[PDB]
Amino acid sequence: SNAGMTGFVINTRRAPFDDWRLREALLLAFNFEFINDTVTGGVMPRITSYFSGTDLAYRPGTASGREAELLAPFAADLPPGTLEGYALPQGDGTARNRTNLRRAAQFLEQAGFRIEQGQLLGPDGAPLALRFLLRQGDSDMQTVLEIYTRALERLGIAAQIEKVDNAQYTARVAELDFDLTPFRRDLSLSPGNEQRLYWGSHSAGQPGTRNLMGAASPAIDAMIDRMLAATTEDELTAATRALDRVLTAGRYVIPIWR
């Protein structure tokens, strides 16, 4: 049951959300530990990867052994930090979260965003528009995003919650018409062909897709192929963990609790 991702999915098809450095900044600005203290009393652990809390979760630190061999052909093209050992940002245990917000500002600056009159301009010179597409009745997510919005304001990003009715929510998600939206994907301990529908390149562009993030990478596609093809336990575990590692480093979802 532990496998699965819950959080805010980022539409990587929509510039400038296609830039991993913007996604990294968005992840650093999300103060999970403070939000979790506030909304949950701090009792619910963060989801740390797609297969976290299972044997299929990647092992923290540098990719080694068979996992590293499976990933090595894609090394030049993997999300930065994939092989080095990527982990989600951890806040400082306060509301202000100073260090991570500074790092997030630095990633924005590196990616060509500039602050002009307290507004963060994208590389194209226009203010970054960030709307959270939210179902009307989703009060727990509304509370989360209200907190998060205030953090993003400190980066010069005037993020907006766009609350819509269920019919609109269904339409907008089906048409991939959003920046960020709440997301849940339930995952099996025996993942199979459906993984192509969730994260595979061919599903990225397609109306109605489960691949809301628009993940499209040869490395993801290859790890799914390797998982499905595996004839040993060692190989199946290695391929599944490699998939978990690449999906997590893709910075597609801002994870919360389950």
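A residue's number is simply how far along the shown sequence it sits, counting from 1.
> Taking only the CA atoms, which stretch has the higher mean B-factor in the record, 58 to 66 or 221 to 229?
Mean B over CA atoms: larger for 58 to 66.
> Which has the higher mean CA temperature factor in the PDB entry, 198 to 206 or 43 to 51?
The entry gives the higher C-alpha B-factor average to 43 to 51.
> Would you mind checking which of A171, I147, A111, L152 has the top Cα temperature factor in the PDB entry?
Largest recorded C-alpha B-factor: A111.
> If you compare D165, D124, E175, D186, which has the highest Cα B-factor in the entry?
Spelled out: the listed residue with the top C-alpha B-factor is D124.
> Among the chain's modelled residues, which third holds the C-alpha B-factor of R102?
It belongs to the lowest third of the chain when residues are ordered by C-alpha B-factor.
> Consider only the C-alpha atoms of the modelled residues in this chain, order them by B-factor as the entry records it, and name the third containing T38: lowest, middle or highest.
Highest third, going by the recorded CA B-factors of the chain.
> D244: which third of its chain by C-alpha temperature factor?
It falls in the bottom third of the chain.
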